[PDB]
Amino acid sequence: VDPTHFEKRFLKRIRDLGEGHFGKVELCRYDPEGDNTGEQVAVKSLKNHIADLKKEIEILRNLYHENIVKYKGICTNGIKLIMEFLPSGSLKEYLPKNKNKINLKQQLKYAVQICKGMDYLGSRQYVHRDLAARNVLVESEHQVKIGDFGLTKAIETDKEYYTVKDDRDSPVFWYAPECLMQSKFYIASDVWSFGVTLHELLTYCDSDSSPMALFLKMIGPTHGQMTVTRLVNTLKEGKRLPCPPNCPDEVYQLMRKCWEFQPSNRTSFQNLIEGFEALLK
């Protein structure tokens, strides 16, 4: 009797949820009774990268936080990661359709929840490396959870960063300068990405206001292989994403502390929580 062991014969595919770094996530129904009363689960499998999937399963299995998507089990030399299903999807799907319901106060409550989940990850000595609104799952109108731990790496004890080797598919427009220049990942690099995720959240993930769309306006969209170097050059000059429309300056200042060039000059997740909470009450 293993509640974390899912039999393949009972896992019925419903549809695709997402595709990414050599993996795919699908909506399935675990139906051991065969009457469609079974629980719906998000199933991550591979499209050799079994080693990365296995490390991701080991990371998520030992993470327990209300703002972190829940591990449910595995389906087994192939393996599948079984997670809880959040029907609202991510901030990217949810925010454009719920602008009327999600006011400034609620956006700040989501930012606090994202910081809490991230601070918990950082206390376990992990760097997420893919913090974006597309990876923030919606449990309800009052709660969000960090999903997709596909790029998550451990920082060694008595070390401040993780050195990245495979960087071909890096979300460069969400990355801190030390990540773009030296392929070094600090907890402070996740703080930088949080500032960008906060920007998306305040713009309700509008495609025309996206960090990529906005940065490509600043540096040019026709530079190809020279994009990253032009982006690094722009950041070095002190240029950042502009204040979102209807965003109060006090929220903008918190965001800009995420974007200090030097990692050691950046705000912490705990300072962000304090800052947002002072604005809330």
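What we label the rigid core is the largest C-alpha set whose atoms superpose within 1.5 Å from one form to the other. Start at 1 with the first residue shown and count on from there.
In 8 other deposited structures of this protein, superposed on the rigid core, the segment with the larger root-mean-square CA displacement between 181 to 189 and 162 to 170 is 162 to 170.
Note on 236 to 244 and 215 to 223: with rigid core alignment, C-alpha atoms in 8 other deposited structures of this protein sit farther from this form for 215 to 223.
Of the other compared PDB entries of this protein that include residues on both sides, at least a third leave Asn77 without atoms. Omission of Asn36 is seen in none of the other entries compared for this protein where the adjacent residues are built, far below a third. The modelled chain is continuous from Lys236 to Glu237, with every intervening residue of the deposited sequence accounted for. The entry shows a gap from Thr76 to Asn77, with 4 to 9 unmodelled residues of the deposited sequence in between. On average the C-alpha atoms of 154 to 162 have higher B-factors than those of the other stretch, with 195 to 203 and 154 to 162 being the two compared. Set 175 to 183 against 113 to 121 and average the Cα temperature factors; 175 to 183 ends up higher. The entry assigns its greatest Cα B factor, within the set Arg29, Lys55, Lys70, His49, to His49. The deposited CA B-factor of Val251 belongs to the middle third of values across its chain. Among the modelled residues of the chain, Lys99 sits in the middle third by CA temperature factor in this PDB entry. In the deposited entry, the Cα temperature factor of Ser170 sits in the top third of values across the chain's modelled residues. When all modelled residues of the chain are sorted by CA temperature factor, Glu84 is found within the lowest third. The deposited CA B-factor of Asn62 belongs to the middle third of values across its chain.
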